[PDB]
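Before any comments, here is the structure.
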There are 4 protein chains.
Amino acid sequence: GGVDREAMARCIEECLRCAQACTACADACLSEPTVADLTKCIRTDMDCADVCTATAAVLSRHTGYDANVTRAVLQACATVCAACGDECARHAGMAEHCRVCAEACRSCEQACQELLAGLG
Amino acid sequence: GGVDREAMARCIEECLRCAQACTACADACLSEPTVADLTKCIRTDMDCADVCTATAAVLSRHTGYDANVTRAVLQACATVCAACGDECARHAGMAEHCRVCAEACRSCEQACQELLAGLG
Amino acid sequence: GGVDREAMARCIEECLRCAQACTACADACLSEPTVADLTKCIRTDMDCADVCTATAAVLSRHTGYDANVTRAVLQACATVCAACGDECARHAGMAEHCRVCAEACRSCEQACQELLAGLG
Amino acid sequence: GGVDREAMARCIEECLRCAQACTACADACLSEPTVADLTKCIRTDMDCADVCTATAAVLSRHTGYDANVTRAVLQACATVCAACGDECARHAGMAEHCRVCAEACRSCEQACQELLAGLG
Ligand SMILES: [Cu+]
Ligand SMILES: [Cu+]
Ligand SMILES: [Cu+]
Ligand SMILES: [Cu+]
Ligand SMILES: [Cu+]
Ligand SMILES: [Cu+]
Ligand SMILES: [Cu+]
Ligand SMILES: [Cu+]
Ligand SMILES: [Cu+]
Ligand SMILES: [Cu+]
Ligand SMILES: [Cu+]
Ligand SMILES: [Cu+]
Ligand SMILES: [Cu+]
Ligand SMILES: [Cu+]
Ligand SMILES: [Cu+]
Ligand SMILES: [Cu+]
Ligand SMILES: [Cu+]
Ligand SMILES: [Cu+]
Ligand SMILES: [Cu+]
Ligand SMILES: [Cu+]
Ligand SMILES: [Cu+]
Ligand SMILES: [Cu+]
Ligand SMILES: [Cu+]
Ligand SMILES: [Cu+]
Ligand SMILES: [Cu+]
Ligand SMILES: [Cu+]
Ligand SMILES: [Cu+]
Ligand SMILES: [Cu+]
Ligand SMILES: [Cu+]
Ligand SMILES: [Cu+]
Ligand SMILES: [Cu+]
Ligand SMILES: [Cu+]
Ligand SMILES: [Cu+]
Ligand SMILES: [Cu+]
Ligand SMILES: [Cu+]
Ligand SMILES: [Cu+]
Ligand SMILES: [Cu+]
Ligand SMILES: [Cu+]
Ligand SMILES: [Cu+]
Ligand SMILES: [Cu+]
Ligand SMILES: [Cu+]
Ligand SMILES: [Cu+]
Ligand SMILES: [Cu+]
Ligand SMILES: [Cu+]
Ligand SMILES: [Cu+]
Ligand SMILES: [Cu+]
Ligand SMILES: [Cu+]
Ligand SMILES: [Cu+]
Ligand SMILES: [Cu+]
Ligand SMILES: [Cu+]
Ligand SMILES: [Cu+]
Ligand SMILES: [Cu+]
Ligand SMILES: [Cu+]
Ligand SMILES: [Cu+]
Ligand SMILES: [Cu+]
Ligand SMILES: [Cu+]
Ligand SMILES: [Cu+]
Ligand SMILES: [Cu+]
Ligand SMILES: [Cu+]
Ligand SMILES: [Cu+]
Ligand SMILES: [Cu+]
Ligand SMILES: [Cu+]
Ligand SMILES: [Cu+]
Ligand SMILES: [Cu+]
Ligand SMILES: [Cu+]
Ligand SMILES: [Cu+]
Ligand SMILES: [Cu+]
Ligand SMILES: [Cu+]
Ligand SMILES: [Cu+]
Ligand SMILES: [Cu+]
Ligand SMILES: [Cu+]
Ligand SMILES: [Cu+]
Ligand SMILES: [Cu+]
Ligand SMILES: [Cu+]
Ligand SMILES: [Cu+]
Ligand SMILES: [Cu+]
Ligand SMILES: [Cu+]
Ligand SMILES: [Cu+]
C-alpha cells in the first residue's frame, strides 16, 4: 500500500540482469589467462548470481507479503552487489567484461537500497 | 565455433524473462479466487521458472563448452516452456497475467528450439 | 579461523533439507482441498526454498570469504525460516506435511542463528 | 501411478547432495594452485549444481504431474552428472575433493537413469 511499484519493478529487472551479468563474469574470468589472480572475483560473482536469483523471485511474489522477509532479502542482495561491484571494479583495467559487471552490480545495489529505504 | 551468438543471447534473455514471468504467474494464480482450478498452472509455472533459471546459467558459460550438456538442457527448457505455454493459454480468458505468461513461454520455447536446431 | 566448521556443515545440510521440505510443502498444500486458505503458506514455502537454496551455495564457498556477505545471507535465511516455520505451524492440525515442514523450518532457523552468532 | 516412490525419493536426495558437492568442488578447484588446468572442471561443476537444483525441485512436485517434462529434466540431469563425473574423475589423483565429487556425480547419474527407465 505504501510501496513504490516502479522501484519494485526496477529491483526485479536489475536482479535478473545482475544475476546473468555475474554468471557470465564468473565464466569470463575463469577463461582469463590471469584466472589464478581472479579467484575472489569468480567466487563473489557466483554468490551475487545466487542471491540476485533468489531476490528476483521473492520480490516477484505479492501473495501473503511479509516486509520482514522482503527487507532481510533486499539487505542480503544490497550487501553482495556492493561486495561484487567492489571486487569486479578491481579488475576494470584487466577486461571490459569486469568493468561492465561492476556497473551491473552497482546498479542493482542502488535498486535494492532504494526499495529497502521505502519499506519502512 | 559454428554457433549463432545472436540466437544464444536471445535464448539467455528469453530464459530470464520467462523465469520471472512464470514466478509472477504462479503467484498471481495463487491469489485468484478459482485457485483450486489453477493448481496444474501454478505447479507448471514453478517448474518452468526453475528450468529457465538453470538454462540461462548453463547457456551463459562458454568455458569448457559441452554440446551434449547444452543440447539436453535446451531440450528440457523447450519441453517445459511448451507445457507451461499450453497450460497458461487455457486461462487466457480468465486473467491477462496468464495470457502474458503464455506469450513468454511460447517465445522462450521458440528461442530454445531455434538454438537447439543450430547446435547439430 | 574463528569459525565453527561443524556449525557451518550443519547450516549447509539444514538449508538443503529445508529447501526441499518447503518445495514439497508448497506442492502438498497446492493439492489440499483447502488450498484457497493456504496461499500465504505456499508463497512463504516458495520464498523459503529459494533463500535456503542460495544460502546453501554461499555457505559452501570458502574462496575469497567475506563475513559481511555471509552474515547478511544467514540473516535473510534465519528470517524466512522463522516466517515459514510460523506459517506452516498454523496448518499443523490440517496435515502432517505442514507439521513436518514447520519442524524443518525451525531446525534451519536455529542452524542459521547459531552460525550467525559465532561470525562476530 | 506406476512410479517407484523409493526411486523418486532417492533421485531427489541424490540431486541435493550432488548439487552441494559440485558447488563445493567448483570452489575447491578455484582455490587449487593448478586452477588454470581445472577451468572445464569448475564450469562443469557449476552447470551440474544448477541442473541438480532444478531437477530436485521439479521431482519434488506431484500436483499436475507431466511425464514429458519430468523425463526431459531427468535426461538433462543424467547427461550433466555423466559429464561432470567424467571431468572430476580426471583429477581424482590431484585432490580428494574431486574423487568425492566424481562419486556424487556417478551416484546421481545412476539415480536419474533408474528413475527415467521406470517412467516409460
Ligand atoms: Cu532486485
Ligand atoms: Cu542484484
Ligand atoms: Cu550481478
Ligand atoms: Cu566479466
Ligand atoms: Cu569476471
Ligand atoms: Cu572477474
Ligand atoms: Cu568476477
Ligand atoms: Cu558479481
Ligand atoms: Cu547479485
Ligand atoms: Cu538483487
Ligand atoms: Cu544484489
Ligand atoms: Cu563482481
Ligand atoms: Cu570480468
Ligand atoms: Cu567481474
Ligand atoms: Cu557484477
Ligand atoms: Cu562481476
Ligand atoms: Cu553482482
Ligand atoms: Cu548484483
Ligand atoms: Cu539489487
Ligand atoms: Cu533489489
Ligand atoms: Cu534460453
Ligand atoms: Cu525459458
Ligand atoms: Cu516462463
Ligand atoms: Cu498464473
Ligand atoms: Cu495459472
Ligand atoms: Cu500458471
Ligand atoms: Cu510458465
Ligand atoms: Cu520456463
Ligand atoms: Cu529456457
Ligand atoms: Cu524453457
Ligand atoms: Cu504456464
Ligand atoms: Cu495467470
Ligand atoms: Cu499463467
Ligand atoms: Cu508462461
Ligand atoms: Cu505461466
Ligand atoms: Cu514457461
Ligand atoms: Cu519459458
Ligand atoms: Cu527457452
Ligand atoms: Cu533457450
Ligand atoms: Cu544453512
Ligand atoms: Cu534453511
Ligand atoms: Cu524449508
Ligand atoms: Cu506440507
Ligand atoms: Cu504445505
Ligand atoms: Cu502449507
Ligand atoms: Cu506451506
Ligand atoms: Cu517453508
Ligand atoms: Cu528456507
Ligand atoms: Cu538456509
Ligand atoms: Cu532459512
Ligand atoms: Cu512454512
Ligand atoms: Cu503442509
Ligand atoms: Cu507447510
Ligand atoms: Cu518448512
Ligand atoms: Cu513449510
Ligand atoms: Cu522454511
Ligand atoms: Cu528453512
Ligand atoms: Cu538455516
Ligand atoms: Cu543456515
Ligand atoms: Cu534427482
Ligand atoms: Cu544430480
Ligand atoms: Cu554434483
Ligand atoms: Cu573441484
Ligand atoms: Cu575440479
Ligand atoms: Cu570440478
Ligand atoms: Cu559436478
Ligand atoms: Cu548435478
Ligand atoms: Cu539431478
Ligand atoms: Cu544430474
Ligand atoms: Cu564434476
Ligand atoms: Cu575437486
Ligand atoms: Cu571436482
Ligand atoms: Cu561431482
Ligand atoms: Cu565435481
Ligand atoms: Cu555433478
Ligand atoms: Cu550430479
Ligand atoms: Cu541424478
Ligand atoms: Cu535424478
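In what follows, chains carry the letters A, B, and so on, assigned in the order in which the sequence lines appear, proteins first and then strands, with residues in each chain numbered from 1.
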Which atom pair, heavy atoms only, marks the closest approach of A:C22 to A:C105? SG-SG, 3.7 Å
Enter the distance from C:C15:SG to D:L16:CG here, rounded to the nearest 0.5 Å. 11.5 Å
More than 12 non-hydrogen atoms from neighbouring residues, nucleotides or ligands closer than 6.0 Å to CD on D:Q110, yes or no? no
Check: C:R43 side chain, C:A26 main-chain N or O, donor-acceptor pair, under 3.5 Å: no
About how many Å separate OG of A:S60 and CD1 of A:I12, when rounded to the nearest 0.5 Å? 4.0 Å
Backbone of A:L30 reached by a side-chain donor or acceptor of B:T63 within 3.5 Å: no
Neighbour count above 12 (heavy atom, 6.0 Å) for B:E13 CD: no
Can you tell me how far CG of D:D37 sits from CD of D:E32, rounded to the nearest 0.5 angstrom? 11.0 Å
Close side-chain approach of A:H97 and A:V100, heavy atoms under 4.5 Å: no
Can you tell if the side chain of C:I42 reaches within under 4.5 Å of the side chain of B:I42, non-hydrogen atoms only? no
Is there a side-chain contact between B:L59 and B:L115 (heavy atoms, below 4.5 Å)? yes
Identify each donor-acceptor pair in which a side-chain atom of residues 82-93 of chain D lies under 3.5 Å from a protein atom, sequence neighbours left out, and give them as a table.
from, atom 1, to, atom 2, distance (Å)
D:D86, OD1, D:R106, NH2, 3.0
D:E87, OE1, D:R90, NH1, 3.3
D:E87, OE2, D:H91, NE2, 3.1

Criterion side-chain hydrogen bond (donor to acceptor under 3.5 Å, both in side chains) on B:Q75 and B:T79, from CA distance to verdict: CA-CA 6 Å; B:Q75 186 55 245; B:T79 298; 3.2 Å; yes
Between CE of B:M46 and CG of B:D27, what distance do you get to the nearest 0.5 Å? 12.0 Å
Here the pair of heavy atoms bringing A:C98 nearest to A:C29 is SG-SG, 3.7 Å
Would you mind writing out the side-chain donor-acceptor pairs for residues 48-57 of chain C within the sub-3.5 Å range, not counting sequence neighbours?
from, atom 1, to, atom 2, distance (Å)
C:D50, OD2, A:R61, NH1, 2.8
C:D50, OD2, A:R61, NH2, 2.8
C:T53, OG1, C:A49, O, 2.9
C:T55, OG1, C:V51, O, 2.8

Of all residues at least two apart in sequence or in a different chain, which pass the side-chain contact (heavy atoms from CB on, under 4.5 Å) check with A:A36? D:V35
Can you tell me how far OG1 of B:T44 sits from CG of B:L38, rounded to the nearest 0.5 angstrom? 11.0 Å
Contacts of type salt bridge (charged side-chain N to carboxylate O under 4.0 Å, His left out), residue D:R10, not counting sequence neighbours: none
I'd like to check D:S31 versus A:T39 (side-chain heavy atoms, cut-off strictly below 4.5 Å). Are they in contact? no
Interatomic spacing from CD in A:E103 to SG in A:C18 - rounded to 0.5 Å: 11.5 Å
Do the non-hydrogen side-chain atoms of D:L119 and D:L74 ever get within less than 4.5 Å of each other? yes
Do other residues, nucleotides or ligands put more than 12 heavy atoms under 6.0 Å from D:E114 CD? yes
Heavy-atom pair of closest approach, residues C:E14 and C:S107: OE1-OG, 2.7 Å
Got a sec: does the CZ of C:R17 have more than 12 other heavy atoms crowding it under 6.0 Å? no
Taking only residues two or more places apart in sequence, or in another chain, which ones meet D:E109 in a salt bridge (charged side-chain N to carboxylate O under 4.0 Å, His left out)? none
Are the side chain of B:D45 and the backbone of B:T23 linked by a donor-acceptor contact shorter than 3.5 Å? no
C:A24: side-chain contact (heavy atoms from CB on, under 4.5 Å) partners, not counting sequence neighbours: C:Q20
What pair of heavy atoms forms the shortest contact from D:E6 to D:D4, and how long is it? N-OD1, 3.0 Å
Measure across C:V3 and C:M8 and return the closest heavy-atom pair with its distance rounded to 0.1 Å. CG2-CE, 3.8 Å
